[PDB]
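Here Cβ is always computed from backbone atoms with ideal geometry, including for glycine, and neighbour counts include all displayed protein chains. Read-outs: derived from the displayed coordinates by stated rules, not from any lab.
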Amino acid sequence: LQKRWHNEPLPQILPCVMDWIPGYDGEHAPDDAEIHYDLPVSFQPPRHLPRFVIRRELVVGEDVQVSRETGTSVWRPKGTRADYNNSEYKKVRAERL
Amino acid sequence: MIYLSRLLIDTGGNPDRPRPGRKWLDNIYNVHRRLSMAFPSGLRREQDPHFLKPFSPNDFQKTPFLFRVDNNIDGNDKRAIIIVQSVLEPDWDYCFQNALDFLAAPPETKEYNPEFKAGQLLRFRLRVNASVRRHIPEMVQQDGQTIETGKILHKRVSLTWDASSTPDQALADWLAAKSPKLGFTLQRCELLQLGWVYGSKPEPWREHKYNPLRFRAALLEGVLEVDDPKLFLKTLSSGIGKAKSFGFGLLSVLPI
């Protein structure tokens, strides 16, 4: 799971919705199997067939792991305030003299 | 038709005000550079007529120029005097167009012309550094005890005199010895400034270095006699001693 930025609230619980695996031959659908008319058989005009849809829950941190930020969000224009004690300063200052 | 003028320096007033002219005179190279730039090359005036660029001496031209550092026209005002001469036309509005704090009065210039005769009296002030080229034993380190090698270093030692001789007639004898070579003869001259003159020089990622410039200056004054007028025209605007470009060769053309 990819974080868009560094400090955002992540869902501790993560839903997953899958096509119902029939298991063995037979095995009429469980009581939690809902119907969903989203199996296409013709698409002009759209004819949809029902399907059995089942949801599990995943818990992040033990089976789903976060990623790195991999970038910067804010722009923060470039830096002023040159110092006056670094060694690269004095060589240019003496060269200009 | 020589070019004699006056630059006028305060060297006085309120001590709390930082006076850049005071540190301008307290070094040879500063006044040398500022008066050397005071004859700029002609193409720079056509290019930048406003003195508003980082200069370079290669763009400048080179002339055996010379000046004089004096002071004290009294009358209830202590004031310092710069007397300059060279061979080309100088510019003072170009030179000190951003340095009005350097001066205490605007500079002035007129036309002056020198004349000389045979056996004619004169009044003069000169400045020549006391310089005697000598072989010396080297003397380095000085860490508790002296250490020397057989090498004899070559330099110009300042003038020294024997313990039974005062400085006055010693420098009088120096001037008497140098007179017939240069083309004149004196009867007496007065010592009024014997001392040390200090300076420093920068030179070419690079750095800058400080070394004490050393000169045993000798400023004298009073009553000159000449042997021939033809032996003096080549002396003005050239110098008679050492440190020629440093301001040690002005012949005070005051016949009286």
_What translational diffusion coefficient, to the nearest whole µm²/s, does region B:177-246 have by Stokes-Einstein, given a Kirkwood radius computed over alpha-carbon pairs, a temperature of 4 °C and 1.567 mPa s viscosity?_
85
*Provide the per-residue ³J(HN,Hα) series for region B:135-141, in order, calculated from phi with Karplus coefficients 6.51, -1.76, 1.60 and θ = phi - 60°, each as a whole number of Hz, with x at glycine and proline positions.*
8, 10, x, 6, 8, 10, 6
_Percent of alpha-carbon pairs separated by more than 23 Å within chain A_ = 65
*Using the Karplus equation 6.51 cos²θ - 1.76 cosθ + 1.60 (θ = phi - 60°), what ³J(HN,Hα) coupling, rounded to whole Hz, does each residue of region B:92-100 give in order, writing x for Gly and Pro?*
9, 6, 6, 6, 10, 6, 10, 10, 5
_Quick one: 3J(HN,Hα) in Hz for region B:29-45, Karplus 6.51/-1.76/1.60 with θ = phi - 60°, rounded, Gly and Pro as x._
5, 5, 5, 4, 5, 5, 7, 6, 5, 5, 10, x, 5, x, 6, 5, 5
_Inverse of mean 1/r across different Cα pairs in chain B, Kirkwood, Å_ = 21.0
*Against the longest alpha carbon principal axis of chain A, how many degrees, from 0 to 90 and to the nearest 10, is the axis of helix A:87-96 turned?*
50
*Rank the residues B:135, B:32, A:48 as a footprinting-exposure proxy: fewest other Cβ atoms within 10 Å of their Cβ go first.*
B:135, A:48, B:32
_If amide hydrogens are placed 1.01 Å from N in the peptide plane, which non-local residues have theirs closer than 5 Å to the one on residue A:34?_
A:53
*What list of whole percents do you get for P(r) of region B:32-92, with Cα-Cα distances grouped in 5 Å bins up to the one holding the largest distance?*
4, 14, 25, 18, 14, 11, 8, 5, 2
*Hey, could you pull the Cα Rg and Dmax for region B:48-146, both in Å?*
21.4, 61
*asked:* Let me spell out the model: positive unit charges on the Cβ of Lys and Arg, negative unit charges on the Cβ of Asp and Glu, origin at the Cα centre of region B:162-248. What dipole size does that give, in debye rounded to 20?
replied: 540
*Normalised per residue, the volume of the convex hull around the Cα set of the protein assembly as shown (Å³)*: 413
*Provide the convex hull volume over Cα atoms per residue for region B:72-218, in Å³.*
293
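What number comes out for the charge environment of residue B:161, summing +1 per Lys or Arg and -1 per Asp or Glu over other residues with Cβ under 11 Å away? Kindly include the intermediate steps, with their values, before the conclusion.
Details: positive: none; negative: B:162, B:168, B:173.
Net charge around residue B:161: -3.
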